Amino acid sequence: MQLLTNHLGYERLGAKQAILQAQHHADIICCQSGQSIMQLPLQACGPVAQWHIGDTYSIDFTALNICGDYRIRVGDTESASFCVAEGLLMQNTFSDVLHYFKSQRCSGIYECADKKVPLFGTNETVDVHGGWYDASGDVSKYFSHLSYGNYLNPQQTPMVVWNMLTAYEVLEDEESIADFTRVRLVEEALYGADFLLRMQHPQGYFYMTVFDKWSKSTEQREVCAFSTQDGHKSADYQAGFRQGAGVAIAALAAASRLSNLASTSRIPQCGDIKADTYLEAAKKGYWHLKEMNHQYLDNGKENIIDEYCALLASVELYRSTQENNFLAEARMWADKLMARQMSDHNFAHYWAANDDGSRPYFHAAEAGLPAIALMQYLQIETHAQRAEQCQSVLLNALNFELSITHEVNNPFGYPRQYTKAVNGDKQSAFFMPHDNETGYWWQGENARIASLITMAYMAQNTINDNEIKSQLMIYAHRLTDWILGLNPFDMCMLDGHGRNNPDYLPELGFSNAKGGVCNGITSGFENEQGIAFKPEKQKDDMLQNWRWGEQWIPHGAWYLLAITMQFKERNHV
Amino acid sequence: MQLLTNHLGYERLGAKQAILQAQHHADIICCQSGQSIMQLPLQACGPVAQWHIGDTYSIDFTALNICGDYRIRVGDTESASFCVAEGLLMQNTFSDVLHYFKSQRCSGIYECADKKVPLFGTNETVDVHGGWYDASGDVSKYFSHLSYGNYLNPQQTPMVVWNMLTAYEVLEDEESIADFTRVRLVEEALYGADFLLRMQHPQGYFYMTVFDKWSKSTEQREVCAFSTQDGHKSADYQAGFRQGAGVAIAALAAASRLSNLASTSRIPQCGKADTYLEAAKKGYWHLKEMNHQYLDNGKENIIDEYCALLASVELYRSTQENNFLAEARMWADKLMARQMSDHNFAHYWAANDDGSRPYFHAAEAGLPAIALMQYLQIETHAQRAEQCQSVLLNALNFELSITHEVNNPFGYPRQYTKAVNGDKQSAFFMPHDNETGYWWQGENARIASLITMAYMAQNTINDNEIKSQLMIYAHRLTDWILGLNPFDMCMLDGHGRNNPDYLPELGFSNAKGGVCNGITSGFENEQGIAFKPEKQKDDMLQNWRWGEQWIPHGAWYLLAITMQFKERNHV
Ligand SMILES: N[C@@H]1[C@@H](O)[C@H](O)[C@@H](CO)O[C@H]1O
Ligand SMILES: N[C@@H]1[C@@H](O)[C@H](O)[C@@H](CO)O[C@H]1O
Ligand code: NA
Ligand code: NA
C-alpha cells in the first residue's frame, strides 16, 4: 500500500488530505514523539476513469491546526514526513522560483544575437534582447505560439510579467515580506517589462516570437510566427490580443503604477523607473489593436482568449489613468467575456471558446483567466447593477469548475474541464484532448492548475457567498497538493523541493532548473481515459517526451502568483 | 543509533563509507530488491577531539560497484537511500551550480549603480558593472578582502573565473558532456572574465572590491578596501598578487586561450581573446613593478607566490614566451621553499619566511599544491620537474598524514595552525584568534580545494600508494560537504537533507545550487564542533559564520566535481 501526501506539507489553516492506495482508520503521528495525535476514518474513493491506479481512500485531517512535522500511518504503512506551517509555500519556495527566473534570463551569445535579429521575410533586423528563455529545452522567447489553432494561444512572457507585478502589489501590505525580496521581485518584473517594450514595433503592435526552430543556433533566431511541430516559420508576427499582446499591455500599464506603492520610494534607487514610458507603450498598443486586431488573428475572428486578455489590458489601463474612456473599454470587454458563459445538455454555465458554444473553452496554460479577468474588472466597477450581474456570472463560473471537478470519482481533486476534440463531441475530462486544432500539441497542465489555484484564492476577496468560498479553499489546496507530489506518481514537480523531481534531457545538456515547474501529467498516450507521465513507450522518444518533463516558464509564473494569493488568504477564517 | 551517509551517494568506483553513531555488522540493501547484497563489519573509532559525538563505527562498502539505489541497515536502524552511479555528482549537481552562479549575477539597481561607483576618498567614478554578488547576505563584489591580516586573503571572484575555465578545459575531452553545457559553462566564465577586465585600472592594477559596508544600499557602494568587522573603508584598493590579482591575471590569460580548444569553434557564437591576454600581461608586469607597495605589511608570502605562479604559468601557456617560463620557475622556487619541517611536522606549509606562522586557509588550502601541479604541466626541464615532484609528494603526504594523526572517522581534512597569542598546533578547524581579530567560518571552499588537489594529483604524481590514499581522502571530504557529518546536513542547497538557510526572514535566502560556509569548531570550545550553536544562532553578528552562502564554496565545489569526473574511472 502507498500513502500519498503533499511532499512539502499543508498551510496551517488549509484543507488537508492524504490518499491511500490499497487492496478502517489512519493516525497522524507527531514526529517529535512518534505517538498518534488524531485518528481519522478512511473514505473509499473507488476507481478513477481508466487510470487503473487501483482503489483509493482519502484521509481528511483539516482539523490539524498545529504547526510542526507529521506523518500519516495506516497499519504498518507510513507516509513521508511533511510540515504544517503558516505561509508554508511563501516561506519555503517563493525565493527559489525568483532565482529560477533569474537563472533563465536570455544572456551570453543569445542576448548578443537578439540585439540584431532578422525579421522574417525581410532584410531588416531588430533589437529584442532581454526576457527569458521559454523552456528548459528552448532558448526561444515568446509572447505566444499555436496561433494557427486559434483557440489554444497561451500567454507566455507577458503573463510572467503581469503575474509578477500582480504578486508585487498583493505583497505590498505584508509586513513579514522583506524589502530585499521586493527589490528582487520588482527587478524581475521590470526586467520583463523592458523586454515587452523592445518587442513593440513603432506602429504599435508587438512581435509574437523570437524563434530558433528549437535549434539553439544563434543564426537561426528570427522574429516570426510559426506553425506545426516542424516549426514552419511565417511573417504573421503581429501579435493580436489573444496572442500575448493584451496581457503585455496590461503588464505595461500595471508597471507604470509602481510609484503608487510605498515600497517603490523606500527601496534602494538607481535613477528612476521608466513609468511614462511603460504607460505610453501600453496605450499605443491598446489603441492600435482596437483598429487592427482582426487582421492579426489566424481566422480573423476574436474569441474568448482575446476578450479576457483585452479585459485585463483595459482594466489596468483604467487603473493607471483613471480616464473614463478605459472604463468604457473594460465594460465592453467584460460584456463580451460574460456572454461566453453558456449552458447545454451536459453543463450549466461552461465557458464557450466560440460564438455558439459548440466548442468549449479549455486551456492547458491558463483556464483560470476568464474568471480572474472578471475579478480584476470587479475591482474597478463602481456601478451597482453592472457589478451584481458580473458577480452572478463569476459565481456561476466558479460553481462550474467545482461541479465539473466533482462530477466523477476524483480522490485527488484534479481540476476537470469541458473539452472537444476536432472530430469528437463535447465531453467532460481530466486532461486536454490530444486531437485538437494544432494537430500535435498537448502536454502536462501545471500552469492551468496554478491559474485555477490563483482564481480560487482571488475569489475569497471578490465573491460574497461563504459556502462557495469555502469549497474554493478546499479546491485550491488539493490543486496545490497535486503539483507538489500528491498525485499517482508520488512526484513533486517543483524542482528542488519534495521527491522524485523529474528531469528533461540532462544527457543532451537540457537540464531542468531548480525553482522551476515542469509541464507535468497528461492522459495516456494511447488511452485518453488513462493517465501518464513519461510512459514507457514514448519516454525515450524526443518527438514526444517534452510533453512531460520539460519546464516552461508559464508553469513557474502561475505557481508564483498562486502561492502569493494563498499567502494573502492564509488567515482566512 | 544514527547511520550517516553521503546524502547523494557514491561515485561507482570511489571509496565508500558510512558512519554509525551509537553507544553488530551491517547490511547493504538493494532498494529495488528490499533485500541484502553485502554484509560488512563495523570498525570502532574513538571519540573525536572534544566534539562529544559519542562513539562511532565506520563501514567500508567500497567494493560495491553496481549502479543503483541502496540503504545501509544495522540492527533495525536504516540509513536513508542513496545512489551509486558513474559520474554521480556531475550528472546530478553540476548544472545546478551553474544556475546558482547565473542567479547570483550582479543585476538590476546594483548593476546600474556599479556603472558609476566612486573610488574611495575621491569623487572619481568608474564603471565596474558585472560579476556576482559575493554571498547570500552581501551584494558587494570582491577580488579579495581581509588584506589587513596579510595571511588570510581569499581568492574570490577571480577564483570563480579560473575554476570555471579550468573545468571547461578538463571537460573538453569528455564525449558524454553536451555542447549546450559547454555553452553555459564558458558563458559564466567569460561573463566573469569581462568583469575582471572592468576591474583593471588603465595603469594595470585591479580594484580589490566594490563594497557597501553590507548595507544593500546603492549610494554606499564604492571601490575600496576595508578592515575589521565594522568594515572601515580605505583607499588601499590596488590589488597585490595575494589580493585576488594573481588569480585574475591567471584567469584572463586562460580565457585568451579558448580558441585552441576544438569546442570553441564548434558551439554557437556571436560578437575578445587578445583583449584578455593584453590585460593579463599588463596586470602581470605592473605588479612585478608595484606588488610590495600594495601589500599591507609590504612583505610577499606563500599566498602571493601560489597566485603569481598561477598567473605566470597561464601566461606561459597562452604566449609560449620564454620570460614567462622563467617567471614561473622563479615563483615555483619561492613556493617550494615554503615547505618546512619543525618539531611537529615534516613538510608543512609555512606562510612566513622562517615558518613560525604555518599556512592554513579556510577558502583555498589546496592552492599551494594545485599551483605546483599547474607548473608541472609546463616544466620540460627534467631535474627541475623532479625536484618539484618531490616537494609536491611531501605536501600531499603532509595533508594525509595530518588528517590521520588523530581519531578522525569522518576523515575531515586537518591543518597546522597558530593563533596570534598561541603556539603552532594541528587542529580540525581554523583558529578563531587570528590576525583579522574576528573572522572565521565554515570551511567548505577549503574542503573542495583539497578535493580538487587530491584528484589533480592522480594525473601528476607517480606514487600509486599515495594516489590511492588521495582518492579515498577526496571521497571522504566530498561526503562531508554532502551530508556525511555529525549534523546529517547536506550543504549543497537543493540536494540531500537538512539544507541550512541564512536569514530568510530578512529576505536573505540561500540559493539553490550554492554551498554555505558550513561547520566550525565550537564558539566557546575550539576543540568542539558547531553549526548554528544555540547561543549564537540568532545573533546576527555571529551567525553568518555557518549558514551564509559565499561564491568561493560553489566555485571550488564546481571544480572539485569536474576533477572527480575526470578521474572517475581511476581505480
Ligand atoms: N515551442 C515549445 C512549446 O510548444 C512547449 O509547450 C514548451 C514546453 O514543453 O516547449 C517550447 O519549446
Ligand atoms: N564580507 C563577508 C565575508 O567576510 C564572509 O566570509 C562572507 C561569507 O559569510 O560574507 C561576506 O559578506
Ligand atoms: Na498574428
Ligand atoms: Na592593496
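Below, all heavy atoms of this structure are taken into account, side chains as well, without hydrogens, waters or symmetry copies. Each chain gets a letter, A, B and so on, in the order the sequences are listed, and its residues count up from 1. Indexing begins at 1, ligand by ligand and atom by atom, following the structure's order.
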*Any chance the side chains of A:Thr209 and A:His145 put a donor and an acceptor closer than 3.5 Å?*
no

*Is the distance from the Na ion (ligand 4) to the nearest N/O/S atom of B:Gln243 under 3.0 Å?*
yes

*At their closest point, which heavy atom of B:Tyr306 faces which heavy atom of B:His361, and how far apart are they?*
OH-CD2, 3.7 Å

*Not counting sequence neighbours, list each pair that qualifies as a salt bridge (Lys or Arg N to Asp or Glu O under 4.0 Å) and has a residue in residues 222-246 of chain A.*
A:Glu222-A:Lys233, A:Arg242-A:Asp306

*Six-ring centre of A:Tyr110, A:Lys216 cation under 6.0 angstrom, axis tolerance 45°*: no

*Using 3.0 Å as a strict upper limit, say whether an N, O or S atom of B:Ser147 approaches the Na ion (ligand 4) that closely.*
no

_Over-ring placement of A:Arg448 relative to A:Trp558, 6.0 Å and 45° cut-offs_ = no

_Contact residues of ligand 1, where a non-hydrogen atom lies under 4.0 Å away_ = A:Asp134, A:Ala135, A:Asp138, A:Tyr142, A:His145, A:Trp214, A:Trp441, A:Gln443, A:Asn519, A:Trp546, A:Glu550, A:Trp552

_With rounding to 10 degrees, what does the angle B:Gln238:O / the Na ion (ligand 4) / B:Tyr294:O come to?_
110°

*asked:* For A:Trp441 and A:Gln443: C-alpha separation, side-chain torsions, deciding distance, then whether side chain to side chain contact (heavy atoms under 4.5 Å, CB included) applies.
replied: CA-CA 7 Å; A:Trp441 188 91; A:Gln443 56 184 29; 3.3 Å; yes

*asked:* For A:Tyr237 and A:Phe120, I'd like to know if the aromatic rings sit close, meaning centre-to-centre distance below 6.0 Å.
replied: no

